[PDB]
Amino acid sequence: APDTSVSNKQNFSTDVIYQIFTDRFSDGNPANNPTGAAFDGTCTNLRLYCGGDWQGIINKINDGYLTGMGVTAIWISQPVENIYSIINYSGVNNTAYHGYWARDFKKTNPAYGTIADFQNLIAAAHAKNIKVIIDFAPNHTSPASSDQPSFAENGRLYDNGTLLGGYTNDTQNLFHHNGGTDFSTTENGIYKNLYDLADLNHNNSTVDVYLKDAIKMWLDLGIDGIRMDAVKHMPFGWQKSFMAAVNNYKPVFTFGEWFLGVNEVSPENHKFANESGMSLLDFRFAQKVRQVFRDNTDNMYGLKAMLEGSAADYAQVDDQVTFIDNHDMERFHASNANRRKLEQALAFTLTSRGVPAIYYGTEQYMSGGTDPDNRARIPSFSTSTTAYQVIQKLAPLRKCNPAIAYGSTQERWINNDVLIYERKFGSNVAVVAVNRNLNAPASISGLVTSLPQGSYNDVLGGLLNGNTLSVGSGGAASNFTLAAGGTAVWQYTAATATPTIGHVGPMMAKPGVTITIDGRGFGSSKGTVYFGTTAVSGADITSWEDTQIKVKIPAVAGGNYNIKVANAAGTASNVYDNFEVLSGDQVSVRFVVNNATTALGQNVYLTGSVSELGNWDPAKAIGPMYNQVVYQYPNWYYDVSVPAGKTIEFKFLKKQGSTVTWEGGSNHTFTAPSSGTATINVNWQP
């Protein structure tokens, strides 16, 4: 299939995701609605169930509401079984309508549907070229009080009906009993409870094995992607081992939630996106878009900075999922604001790099503050809104114009209020002009583009007061006036002659797994694929076509490789970097080093004999290790993903800047378990 087919579960760059709060979308089957005090059919009480389900979604997929918009993927609430208790939070009754209070990860939430309904959802979707993404929240179960076991369901965890354990009298230690996080540090927010949510302990083999088993059930049910909830709140090493479980079984596009505040830029966030095997929800993008188009607390130079910065910070910026709002923020549209603000932000998001996600109801101009006012029932299924039409004109471009799906971004004209940028990939170009000033038009002179000489009609057809562009020689555009609140899109597409890799996925796996390389100019006859210097051709290349190649990862030593392809004629493509070849299946092991005293600003790291440990390269050591919660300084600890069953030699180091100090003595050694987890406790050797 081509890179753009619904069958492509490794790439979402050419798709537009529509985020649905199942309960608040459409009740297609009233028979499964909750009753009593846990239900409100009028959906006036937004913390109770309103009845939306999978049938409803199927109904909107079939009646053309979603397809009419140009939406090609839907991201739904966590489908697993949630607790049934109504929880009174100081007078207010609260239900698990949101789906984040899991009780059993191997069963469905009956309010949404049966496994049968779920299989039907996947089939209907797939039938209409819509990919299905599920929310998955393995950080915790539900709200529990260890001393008030009668509270809620005491955060009880079941394994397909079988009670695994509860928060109270947790002798197995499936959970964390470290108190609640104050979000003070990253380590603090990981090993302590999120509010009152029973924090699962991924270092317990039972929990480890159970979650990796549950995800496979869902993978086996045909999902096309996974949105991981609260990634900033689970150990990174564990998550990497979790992503290795998915990729080494049935790879699917995974992206996690790592909340970033306004003007917040986290290096931990960058490292996570670049090394965990999964990408992230682009909070940097979202916060900046709101400041610029919504709250006017920054201008075009700020948007530009974010664009060029992110592109440098994220190794695969095209895999970051963009949005302008979600269920954890006020809705972008404020009741009294000019709608043109939402429209422009939509046009910008849809044509920008990454994977755009649209929160259900946006196209209907829904307003609302924080939870739960931002989760009201969709008031209508009208296709007559300007927002609906903007999405409808622009969504398809991600499929037909690879410049938009994979292209680089470049500012071509800019001022406080105006931003003109160009996306380019191969022989494809797209230029977008946005004028946020709702009162002042702008005189655009000196605009230079990569567009071939000719005239260009605004792809939006003047919907947002865009205009025609006239490009003379040198791609220099003639002067024109950009209307107040003006937005226009111009483009040029043509066949690409040389092999151009636009995307690879999964980004991390062990040898033998098949990866998908998407792009243009591959030709129709099998060429060669290179992993570093190793050439692969013939049978291991399972499929080859102009826009897509499927190939098995050769049995090469674990490590980081550049990927390049050369067509049948021997013409080489661009280089795609940062592909990680695992040493084998992975397991999460906790490393602990005692009495490793440091000086302030000096941290302890770990390195070892395998690529998962950096191969003795301090520049690639794992850390810095933690020393607050689970163990306290001068004892350090860290959860790391290592190849299962391998005997590994390791050592710790103290690093300050790029200045490193090695542990004395001989390498410590240990053999990783074949499954489940383990804890290695050693003393720092001077």
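Quick note: we count residues from 1 along the sequence shown, nothing fancier.
Just going by the entry, 576-584 versus 241-249 on mean CA temperature factor gives the higher value to 576-584. Across the two stretches, 264-272 and 553-561, the PDB entry reports the greater mean Cα temperature factor for 264-272. The PDB entry assigns the greatest CA B-factor among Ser77, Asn120, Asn594, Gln392 to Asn594. The entry assigns its greatest Cα B factor, within the set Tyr633, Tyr638, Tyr65, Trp54, to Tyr633.
Among the modelled residues of its chain, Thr547 has a C-alpha B-factor that falls in the lowest third, as given in the PDB entry.
Among the modelled residues of its chain, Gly472 has a C-alpha B-factor that falls in the highest third according to the deposited record. Among the modelled residues of its chain, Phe21 has a C-alpha B-factor that falls in the middle third according to the deposited record. In this PDB entry, the Cα temperature factor of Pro356 sits in the bottom third of its chain's modelled residues, the lowest group. Sort the chain's modelled residues by C-alpha temperature factor and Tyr112 lands in the middle third, per the entry.
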